[PDB]
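What follows is a short report on a single structure.
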Amino acid sequence: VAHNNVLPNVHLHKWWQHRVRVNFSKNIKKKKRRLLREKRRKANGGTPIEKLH
Amino acid sequence: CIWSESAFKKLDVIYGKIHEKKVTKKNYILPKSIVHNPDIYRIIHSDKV
Amino acid sequence: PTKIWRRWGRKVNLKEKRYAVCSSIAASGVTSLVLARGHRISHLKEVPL
Amino acid sequence: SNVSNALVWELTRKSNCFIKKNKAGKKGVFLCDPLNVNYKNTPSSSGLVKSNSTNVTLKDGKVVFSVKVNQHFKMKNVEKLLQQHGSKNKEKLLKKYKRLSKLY
Amino acid sequence: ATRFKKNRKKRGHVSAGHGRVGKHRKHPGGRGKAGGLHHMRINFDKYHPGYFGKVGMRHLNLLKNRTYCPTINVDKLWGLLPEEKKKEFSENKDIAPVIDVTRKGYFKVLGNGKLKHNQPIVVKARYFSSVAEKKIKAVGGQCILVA
Amino acid sequence: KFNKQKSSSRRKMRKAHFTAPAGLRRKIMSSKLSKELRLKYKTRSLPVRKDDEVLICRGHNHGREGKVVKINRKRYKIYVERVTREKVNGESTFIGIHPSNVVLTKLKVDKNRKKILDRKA
Amino acid sequence: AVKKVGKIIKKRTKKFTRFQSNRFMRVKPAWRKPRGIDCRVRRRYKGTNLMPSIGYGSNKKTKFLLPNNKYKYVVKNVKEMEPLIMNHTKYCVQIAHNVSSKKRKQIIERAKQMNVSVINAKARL
Amino acid sequence: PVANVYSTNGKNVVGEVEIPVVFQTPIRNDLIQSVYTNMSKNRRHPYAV
Amino acid sequence: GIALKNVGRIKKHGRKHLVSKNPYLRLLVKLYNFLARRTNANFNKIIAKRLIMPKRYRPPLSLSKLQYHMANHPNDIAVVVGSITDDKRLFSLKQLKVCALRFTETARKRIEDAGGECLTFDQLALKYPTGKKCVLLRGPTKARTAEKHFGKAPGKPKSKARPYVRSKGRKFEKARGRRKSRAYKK
RNA sequence: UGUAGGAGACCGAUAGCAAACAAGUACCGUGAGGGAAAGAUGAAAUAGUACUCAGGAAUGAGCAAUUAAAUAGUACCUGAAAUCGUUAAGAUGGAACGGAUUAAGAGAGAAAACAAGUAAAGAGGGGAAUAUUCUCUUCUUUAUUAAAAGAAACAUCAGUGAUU
RNA sequence: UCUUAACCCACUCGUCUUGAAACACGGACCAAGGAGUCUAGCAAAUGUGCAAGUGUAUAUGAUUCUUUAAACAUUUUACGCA
RNA sequence: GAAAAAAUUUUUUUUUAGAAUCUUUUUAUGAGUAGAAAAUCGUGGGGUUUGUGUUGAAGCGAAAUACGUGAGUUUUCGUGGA
């Protein structure tokens, strides 16, 4: 540490490089979820699949 | 840009006009210029100036 | 070694995004700008088409 | 409202297809737009400034006199057209025509 | 990014801005925060004083939602009310506005600022400051303790 | 274009071009049909067969008509009777012609060809 | 030494070829500025290969001018004639490296119509 | 401020429409460039060794 | 050889010209530079310089603060080389004449509602090129949170700069040198 | 990870997987193991060097010969530098090169580094008048008057010296 | 332009070192390859958009479906930070 | 907003600037390792613009009355064939 710099709070001392994950599937995953529920509803005659709480 | 009259009229609705609840962008307000009129040379030309 | 850790994307902000679209549409409006952009405007018969 | 010829120069003084600048010695920056009178890059040269701009060009094997909406025409004929719609400048357009007219 | 970097300014320059005499090597006082109090005491004292030691009792599971505190000052209390509605209250001497601060998201009303003189208002809240209470009484308003 | 089932890469198309099964080899050994024949059969192009009569439209050998001798599927080259060439030692062989460069006049009729024509029309 | 031609004065003819380039064969003759200590260039000992210096820079009226008395403009398309006619009295055409002979000949003819010589006119003939 | 609408045959000219208020917005060319570049970064694929 | 202090050079500091590529602001500073050089008065020159300045030297001015100043100048035109912000601690307006660099829409609407006047700098230039009977205003410089950390070293006697603290936590940065009980105190 | 798709602001054969290939191979290690180098003629070889002569043969040459092309012949695309060969020119009394400044040689060049217009007869091109009459133009060609431009030289000034 | 000449001047470059022409260290030669980067968090700077708010998070939605792996939208007290 | 020359007052020849990180003008200044800044020039790819291609480009060797203080840029001949 030097000059006006705040003390750090990082935890990258453990071997994080094989414990890290980056999401590149997001929008396609969202599309897949939409497709899955749409297919399910349609299969059920188009009848509601929704749950009343 | 080549517009349909349909498109041109819809555009006007979208960014505020008629206040259409689903077509309008939710409580959106268009930006305004810092300079009211960019003809600076007309300001220079003016009698007061 | 290159890794997928790389900050490829960016958050582009909603108000900024809207402003860019609106301002680009306004710019598209301007006849002088259309020609400057390289569109062959000579035989066109209105400022927005 | 939000626009002027002055603002257009601010937008376009580096940015325009018709702007060409010499690499081979850095003295020489041209603006070649259809309504541009003298093909140096200045707004007073530029076809994007004057309200009903007037220019002698050549295109498609033919000397064309153009006026800004946007009208186009092909010595007596030239002389007559310049006197008619037109508003230093006349003298330059005559000089330009003399040079253009010989060309094949 | 790459084309504007300091390395692009210094590309053929040996040590290249990091000291030819120095001959640049990593963390040469030791790692991270570690030289604090020992070797970097002067930096830590001058820039982060109250860092070292043990102060106070402990509260083993804090549970911050239990003691949650969304405040407003009296100054901004009127600001929760629209302009035209406020004009109607200003006009009509016979009535006062009720303001449910909790329904607008707040629990405590504090005493910074001014309430306009001779102008009753009803303030509903869980908590009020002594000063806030005094101002509400002073202006002829009412305070409502409410859950 | 629109289908995402098949690659738009140069790479896959080339590999497919080189590793072709026989029906594919036959497809890319098709030639364009003569104009009245196209009207007759309702068919733009046909797979070449042994006793076909082609006209050459490209290369130094253009404008020559003639019967097909042998077809070379492997090098994708047809041989025609009057496109001879002598070699370094003076042996005469036929010049191999890619099927892009020929237009088909009289196709050979046979049972398989009849089935193809019936399928097409 | 100094090379006057009319009111076009150019200060230095000889290019500032790089320090001891023949001495170490790996070195190329184009200038490279020593970051070396005791280099006999920056440490400014007389009698070595001279450093280039901004002081040698051209006069503002000349700046990029040729003994031709016209600024060179490089030409790869016919269409480049249209600004060059108005500037012909101050600018000269040079035809680009690529230019196909049929097009090149046509440009040469055009240059004559514009009344401006091509400085590399004999090329590709 | 009215702009003329044309038919699909450009010989013929139909009902004139008022220009939208979107086209009156400021032209922020630097904003448009910076947003475009930021957007382009979002469209670029990741890479690693 | 001539002996020279600072090698004979005037090497004064600050902005050369507007660094932004924003067309409207570049156009606006050209106008105000033109006015500044021709006009006798200081006013235009000061406005031109202030228009050029950095973002942190473009603070917002409070509507309440402008209102508080203008009540001694009751018919006069305020010009503000920054943005004007609205106030939700403010009960009502007293009707104002304001030229500003930027208006928040709620403030502008409030000014219009009040029957006041919203002036752009081009409109001001047209109406008042001299600046006679006009009033130059500017917002707080040292209000900003970076400046709240500037000045004398944390824990050094009489200091009152905010530290660049590690985190919000109770146990942190209240001990050594910040209370007499632990080591010492500032 | 296995298999199948689809990709790219990725690499372009010293890179990219160790592997664009008959490479997890050759090869090395007692063994566990360690582990390479290694792509491209041409459109077409169903164009891959026929023939002749001199040679023991290899090879070589050809009046002979494929190809658009063979200092393109399968150790085949392009073919840099280092390196070494041939011819010519120069230099050469214990270095070698350099800087600054001239010189003599050896090369190169006409684009500013001379000659507008005028007349004659060849080659082209255009515009107007109501497809072809009128008319405007640029290059070659014969010779025929200008001129300008720089370098010299002296004089004349103005600035700056030195001299008596 | 190249080429020798000739007068005058001209010490191995890099390098660490207060100090190298050195009896200091590295360099036979040539070609290709060959070294301040990327992520996280933070800071100041400057630009930009908005302002007592701000960001739209996960996600939902669509007459969104080669390029679309983005773009667009979000039926008034969610959360971060202020 | 008209200056000159050539002809035979009128014909012919040249020129005729307004682009703010801009143009005109003036004066002062010009050392430099470690170091900081700015202006440049080049390489790979991307979008964009408007071009160059087998009446041989790139590439490569040798050059150029070439241009740039400079890195470099531009170009000629030879090879070369996408």
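Can you tell me which of (1) more than 14 Å from chain E (Cβ to nearest Cβ); (2) out of contact with any strand residue (DSSP E or B) (no Cβ under 7 Å at 6 or more places or on another chain); (3) more than 21 Å from I:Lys55 (Cβ to Cβ); (4) of a type outside the set (D, E, K, R) is the one I:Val165 doesn't meet?
Looking at each condition in turn, I:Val165 falls short on (1).
Taking the conditions exactly as written (under 30 Å from I:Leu27 (Cα atoms) and in a strand (DSSP E or B)), does D:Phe30 satisfy them or not?
yes
Under the condition of being surrounded by 11 or more Cβ atoms within 10 Å (Cβ to Cβ) and more than 12 Å from RNA strand L (Cβ to nearest atom), which residue from the stretch G:1-47 is nearest to G:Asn68 (Cα to Cα)?
G:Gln20
What is the residue count in the stretch I:14-43 for residues that are part of a helix (DSSP H, G or I), farther than 21 Å from D:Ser4 by Cβ and more than 12 Å from RNA strand L (Cβ to nearest atom)?
2
Give me the residue from the stretch I:125-149 that is part of a helix (DSSP H, G or I) and touching a helix residue (DSSP H, G or I) at 6+ places or on another chain (Cβ under 9 Å) and, out of that set, nearest to RNA strand K (Cβ to nearest atom).
Step by step, filter the stretch I:125-149, then rank; the result is I:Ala125.
Please determine whether any residue of the stretch G:63-76 is more than 21 Å from D:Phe30 (Cβ to Cβ), within 14 Å of RNA strand K (Cβ to nearest atom) and part of a loop (DSSP other than H, G, I, E, B).
Yes, the stretch G:63-76 contains at least one residue that is more than 21 Å from D:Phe30 (Cβ to Cβ), within 14 Å of RNA strand K (Cβ to nearest atom) and part of a loop (DSSP other than H, G, I, E, B).
Please find, within the stretch D:46-68, the residue that is nearest to the other protein chains (Cβ to nearest Cβ) out of those that are buried (at least 20 other Cβ atoms within 10 Å of the Cβ) and either in a loop (DSSP other than H, G, I, E, B) or at positive phi (or both).
So the residue we want is D:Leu48.
Collect the residues in the stretch I:67-119 that are within 17 Å of the chain's Cα centre (by Cα) and part of a loop (DSSP other than H, G, I, E, B), keeping them in residue-number order.
Selection gives I:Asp86, I:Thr104.
For the stretch I:147-155, check the following and say yes or no: at least one residue is away from chain E (no Cβ under 14 Å) and more than 30 Å from E:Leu62 (Cα to Cα).
Checked against the condition, which is being away from chain E (no Cβ under 14 Å) and more than 30 Å from E:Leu62 (Cα to Cα), the stretch I:147-155 yields at least one hit.
Looking only at the stretch G:64-95, how many residues end up being under 24 Å from D:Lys102 (Cα atoms) and aromatic (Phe, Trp, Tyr)?
Total meeting the criteria: 2.
Which members of the stretch I:17-62 meet the condition of being within 14 Å of chain H (Cβ to nearest Cβ) and within 30 Å of I:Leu93 (Cβ to Cβ)?
Answer for the stretch I:17-62, where residues must be within 14 Å of chain H (Cβ to nearest Cβ) and within 30 Å of I:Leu93 (Cβ to Cβ): I:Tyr24, I:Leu25, I:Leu28.
Determine whether C:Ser23 is more than 8 Å from chain D (Cβ to nearest Cβ) and of a type in the set (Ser, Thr, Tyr).
yes
Of all residues being part of a loop (DSSP other than H, G, I, E, B) and within 14 Å of chain I (Cβ to nearest Cβ) in the stretch E:39-51, which is nearest to I:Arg179 (Cα to Cα)? Just the residue, please.
In this case the residue turns out to be E:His48.
What about E:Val109, is it surrounded by fewer than 16 Cβ atoms within 10 Å (Cβ to Cβ) and either within 14 Å of chain I (Cβ to nearest Cβ) or at negative phi (or both)?
no
If I filter chain B down to residues being more than 20 Å from C:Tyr19 (Cβ to Cβ), of a type in the set (A, V, I, L, M, F, W, C) and surrounded by 14 or more Cβ atoms within 10 Å (Cβ to Cβ), which single residue comes out as farthest from the chain's Cα centre (by Cα)?
Per the stated criteria, the residue is B:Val49.
When you scan the stretch H:19-31, do you find a residue that is surrounded by fewer than 16 Cβ atoms within 10 Å (Cβ to Cβ), more than 7 Å from every other protein chain (Cβ to nearest Cβ) and not in a loop (DSSP other than H, G, I, E, B), even just one?
no
Spot the failing condition for D:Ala24; the list is (1) of a type outside the set (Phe, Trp, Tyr); (2) part of a loop (DSSP other than H, G, I, E, B); (3) farther than 21 Å from G:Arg110 by Cβ, and only one is missed.
Failing condition for D:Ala24: (3).
Just so you know, all these numbers are worked out from the coordinates, no wet-lab data involved. Every residue, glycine as well, gets a Cβ built from its backbone with ideal geometry; the counts of neighbours run over all protein chains shown.
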